[PDB]
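Next up: the same protein chain in two forms, each one alone, written as structure tokens (structure 1, then structure 2).
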Structure 1
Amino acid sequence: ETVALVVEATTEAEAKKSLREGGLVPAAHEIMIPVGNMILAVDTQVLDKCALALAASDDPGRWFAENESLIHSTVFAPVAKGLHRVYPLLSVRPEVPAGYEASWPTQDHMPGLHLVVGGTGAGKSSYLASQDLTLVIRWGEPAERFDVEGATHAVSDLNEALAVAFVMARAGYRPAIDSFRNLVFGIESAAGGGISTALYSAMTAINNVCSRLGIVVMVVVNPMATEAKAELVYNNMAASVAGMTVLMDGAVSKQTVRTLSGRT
């Protein structure tokens, strides 16, 4: 259950071990998540251990508070260096598990991300606080009023943000991440309204982890698009995920959702 931090495989026998152990071959319960030039991994056994403990608990708020570190351990960054070579141009398999059904965020919503997008000050963070959410995971944003009085959980890195969201959604709760600010800032690639196009692939990768898990996670993203190129940028963002809600001046201006039987 311990993650290798420094020591990676140097022999072929060691290279065959799990990512957790410092090898190069995912175990059956490890899914790699490419994000820019990083490769993370979710351990779906740890994930469902935590999610089941939450969902089955007589006091899930208390279990959460007492096991935050275990929850955060669901997603980690493997130590082995050769992953980019061994798995070229890695993505995540687009899947929908058998018997998937959804009423939230909308009826028959495809599993994946539901993005809440808009410019600086558009009201995305406030929009969340008015949806019927279980928990807002606060990451990479300056401390605001949202952090003093709401149902929030503050985290420090992308492992923690994804771990809490995955565990909460797998348990049957409704999580949102506010926000992917540090992905927008951190990811760099060939541009297409000045947007690093690797942002789109990162959102698709995380989206498809959600799809394989049969969950929807709501996520705030300010892509930093100029006024002219915002329509194109939002279209490419919507084409990368299951659903999108656009905020302009505190009001919803557009919403599009891929559904099990269509696209709305």
Structure 2
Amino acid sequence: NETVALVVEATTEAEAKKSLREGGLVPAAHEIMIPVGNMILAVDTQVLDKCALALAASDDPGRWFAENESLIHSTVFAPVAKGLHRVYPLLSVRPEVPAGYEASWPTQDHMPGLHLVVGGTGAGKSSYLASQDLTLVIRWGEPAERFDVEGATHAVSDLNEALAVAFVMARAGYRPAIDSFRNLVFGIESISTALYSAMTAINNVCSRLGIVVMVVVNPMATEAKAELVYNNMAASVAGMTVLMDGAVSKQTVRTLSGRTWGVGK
């Protein structure tokens, strides 16, 4: 099979042992669960590898995503079965790196995971992305602007599509950025500590996949409370770059050999 169950979930033990795609409660070997707030998502790494080969084969990345909505919705989806929260208590994603992983981008020996580009409104976050040699920017949760008609972009509607597009692109060897996680900052309630654990979750999926995804985050903190929040975000992900008035004031990165620190301002 290749479709995702949307409304029929397991009611018997036999059904409960099937894959998340088929409405059961047990991930198949190629399914990875991604907890985000009170939601649970799943990535199917077989469909992901099939999409990554197809993408790298085509003569247009932007055009490929627009005409393959259906495989994108098989790549990352929200399992229908309701007992997942109970069966996997305090679920995270396990910190694990594929063998032979290498990276020169965003920085040398960058651990796979998330690289956050953070700062208040107007810090220069989008001007920062435009100098990182992205293949395209995945646009999510932000009001349409000039860049959306002129730049190398692909617009998405929900977190499944944002993650899926970033995953397929990076597995095909391209460089994605997501602009932005605004809806995750606003959507996760009761700043919430669940935001930090969602970021570790999404980080460690990129880590298991051997990729780095650049992600813009405006955390909506006070000056007073900006330092707290930035230290907690840093402790949650592979890399974080703080922007202030166009320039990097602070950077922290986990690498394959240790850690690197950046102080500007």
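Residue 1 is the first residue of structure 1, and the numbers go on in sequence order from there. In this text, rigid core is short for the largest set of C-alphas that superpose within 1.5 Å between two forms.
Trainee: Superpose on the rigid core, then report which one of 36, 214, 60, 26 has a CA displacement of at least 2 angstroms between structures 1 and 2.
Mentor: Single hit from the list, 60.
Trainee: For residue 71, is the CA shift between structures 1 and 2 at least 2 Å following rigid-core superposition?
Mentor: Yes; residue 71 is a residue whose C-alpha shifts (by 2 Å or more) between structures 1 and 2 when the cores are overlaid.
Trainee: Taking the rigid core as the frame, how far in Å does the Cα of residue 109 move between structures 1 and 2?
Mentor: So the C-alpha of residue 109 has moved 0.2 Å between structures 1 and 2.
Trainee: May I ask for the C-alpha shift of residue 232 between structures 1 and 2, in Å, based on superposition of the rigid core?
Mentor: After core superposition, the C-alpha of residue 232 moves 1.3 Å between structures 1 and 2.
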